[PDB]
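The structure appears right after this line, and notes come after that.
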Amino acid sequence: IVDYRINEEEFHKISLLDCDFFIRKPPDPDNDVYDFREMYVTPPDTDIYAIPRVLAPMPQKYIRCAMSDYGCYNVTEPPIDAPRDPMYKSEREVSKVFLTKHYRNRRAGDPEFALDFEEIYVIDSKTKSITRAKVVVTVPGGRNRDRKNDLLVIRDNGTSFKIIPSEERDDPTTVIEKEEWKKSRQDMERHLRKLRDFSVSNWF
Amino acid sequence: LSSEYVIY
């Protein structure tokens with residue numbers, strides 16, 4: 001416990017399902033600048049401040065970044081006790097936040113805006129930790145590859161990051177279909193294993 | 001140059 005109560009007017013507040021994360025805010029016109037030097041984490045909507053677990057090297061200078069949320073919608077049917085009581089309840093439930101460096105600390109307005117996907121930092125709700133991602137650039141072009149034809153694909157619960165060229169992206173149906181095929185195949189085999197003739201059979 | 005963080 002820090003033992004001092006901070007002024008939160010000077011801190012960015014990011015809210016996750018189980019925690020609130022505070023990072024320092026240097027003044028700027030569009031509110032995009034971040035200091036990773038001071039950070040605190042708090043139980044949800046309560047005000048006893050505490051120091052986060054930092055699992056990686058953190059930046060020592062001001063960085064312009066963009067924030068995104070990762071999570072799952074929860075739709076529940078709640079009990080009905082009055083005539084017009086709500087039939088359904090929906091909650092966002094964010095679990096991780098990804099902060100990505102603007103390129104060369106450039107600003108949105110500039111014609112030259114892009115995002116540096118090499119530097120992405122993650123905040124995790126369950127572990128109260130901040131870490132840096134490991135990206136695998138499979139895009140030829142080297143370190144100098146253009147940043148106007150780059151796309152990042154995140155898979156695996158936020159644990160896999162890759163940069164690939166734009167045109168080689170998969171359509172939305174293919175991603176769903178690929179997954180269903182894998183699961184369905186494994187499940188049929190599990191069923192059919194019990195039969196005494198499995199060793200002598202062929203998938204077709 | 002490159003950290004463990006970025007791999008090509």
Side-chain angles (χ1 to χ4, degrees), chain A residues 14-21 41 43-45 52-56 66-74 76 78-82 85-100 115 117-130 132-134 136-138 140-141 149 151-172 174-176 178-204, chain B residues 2-8:
Chain A
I14 308 188
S15 52
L16 282 310
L17 185 73
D18 296 333
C19 59
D20 286 338
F21 221 86
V41 55
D45 212 4
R53 307 162 47 94
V54 184
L55 305 183
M67 87 160 81
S68 300
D69 58 306
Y70 198 72
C72 32
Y73 292 92
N74 189 25
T76 109
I80 308 186
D81 274 8
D85 193 80
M87 283 201 74
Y88 67 96
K89 179 185 181 181
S90 177
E91 299 299 318
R92 170 72 205 189
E93 207 177 350
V94 280
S95 173
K96 288 179 189 296
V97 161
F98 305 128
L99 282 143
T100 279
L115 296 162
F117 286 124
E118 276 197 354
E119 190 161 327
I120 299 181
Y121 295 108
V122 315
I123 305 181
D124 185 31
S125 60
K126 199 58 189 60
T127 57
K128 298 97 184 172
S129 67
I130 187 164
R132 190 198 213 265
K134 309 173 186 178
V136 183
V137 201
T138 63
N149 193 73
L151 177 92
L152 179 83
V153 183
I154 315 175
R155 310 182 87 260
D156 218 15
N157 217 4
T159 61
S160 300
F161 292 89
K162 272 164 42 67
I163 321 175
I164 65 176
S166 174
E167 199 70 26
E168 316 173 1
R169 51 140 61 87
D170 290 352
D171 53 283
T174 304
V175 319
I176 309 168
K178 278 176 50 62
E179 193 161 341
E180 297 290 327
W181 212 93
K182 191 194 61 61
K183 302 194 306 292
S184 58
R185 235 228 93 154
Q186 297 300 135
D187 289 345
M188 192 81 182
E189 318 158 26
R190 201 185 329 268
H191 196 59
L192 299 176
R193 197 176 302 267
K194 63 185 51 179
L195 303 184
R196 316 221 277 243
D197 290 350
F198 193 76
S199 184
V200 295
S201 311
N202 202 283
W203 209 69
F204 57 79
Chain B
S2 62
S3 299
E4 192 263 343
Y5 298 127
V6 186
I7 304 291
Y8 283 90

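Note: hydrogens, waters and symmetry copies are ignored here, and every other heavy atom, side chains too, is used. Residue numbers start from 1 in every chain, and the chains themselves are labelled A, B, ... in the order their sequence lines are given, proteins ahead of strands.
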Identify whether the distance between the nearest side-chain nitrogen and carboxylate oxygen of A:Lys178 and A:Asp170 falls below 4.0 Å.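 Salt bridge absent between A:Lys178 and A:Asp170.
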
Please find the pair of heavy atoms, one from [X] and one from [Y], that lie closest to each other, and give the distance.
{"X": "A:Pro86", "Y": "A:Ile80", "value": "O-CG1, 4.5 Å"}
{"X": "A:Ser15", "Y": "A:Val94", "value": "O-CG2, 3.5 Å"}
{"X": "A:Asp18", "Y": "A:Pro44", "value": "O-CD, 3.3 Å"}
{"X": "A:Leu16", "Y": "A:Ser125", "value": "CB-CB, 3.9 Å"}
{"X": "A:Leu115", "Y": "A:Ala66", "value": "CD2-CB, 4.4 Å"}

Quick check for you: to the nearest 0.5 Å, what is the distance between [X] atom [atom1] and [Y] atom [atom2]?
{"X": "A:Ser160", "Y": "A:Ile154", "atom1": "OG", "atom2": "CD1", "answer": "10.0 Å"}
{"X": "A:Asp156", "Y": "A:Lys162", "atom1": "CG", "atom2": "NZ", "answer": "13.0 Å"}
{"X": "B:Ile7", "Y": "A:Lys134", "atom1": "CD1", "atom2": "NZ", "answer": "9.0 Å"}
{"X": "A:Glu180", "Y": "A:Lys182", "atom1": "CD", "atom2": "NZ", "answer": "9.5 Å"}
{"X": "A:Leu151", "Y": "A:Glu168", "atom1": "CG", "atom2": "CD", "answer": "10.5 Å"}

More than 12 foreign heavy atoms under 6.0 Å from CE of A:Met188: is that the case here?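 Count not over threshold, so no.
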
When you measure from the side chain of [X] to the backbone of [Y], do you find a donor-acceptor pair of N or O atoms at a distance under 3.5 Å?
{"X": "A:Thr138", "Y": "B:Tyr8", "value": "no"}
{"X": "A:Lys89", "Y": "A:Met87", "value": "no"}
{"X": "A:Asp171", "Y": "A:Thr174", "value": "yes"}

Which of these passes side-chain contact (heavy atoms from CB on, under 4.5 Å) with A:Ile130: A:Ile123, A:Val122, A:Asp124? A:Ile123

Using side-chain contact (heavy atoms from CB on, under 4.5 Å) as the criterion, point out the one residue from A:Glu118, A:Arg132, A:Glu119 that pairs with B:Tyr5. A:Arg132

Mutual orientation of the aromatic rings belonging to A:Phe98 and A:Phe161 [parallel < 30°, tilted 30-60°, perpendicular > 60°]: perpendicular

Start with the C-alpha gap between A:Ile120 and A:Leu152, add the side-chain angles, then the distance that decides, and say whether side-chain contact (heavy atoms from CB on, under 4.5 Å) holds. CA-CA 11 Å; A:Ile120 299 181; A:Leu152 179 83; 3.6 Å; yes

Decide side-chain contact (heavy atoms from CB on, under 4.5 Å) for A:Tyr73 and A:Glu93; before the verdict, give the C-alpha distance in whole Å, the side-chain angles of both, and the deciding distance to 0.1 Å. CA-CA 6 Å; A:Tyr73 292 92; A:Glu93 207 177 350; over 6 Å; no

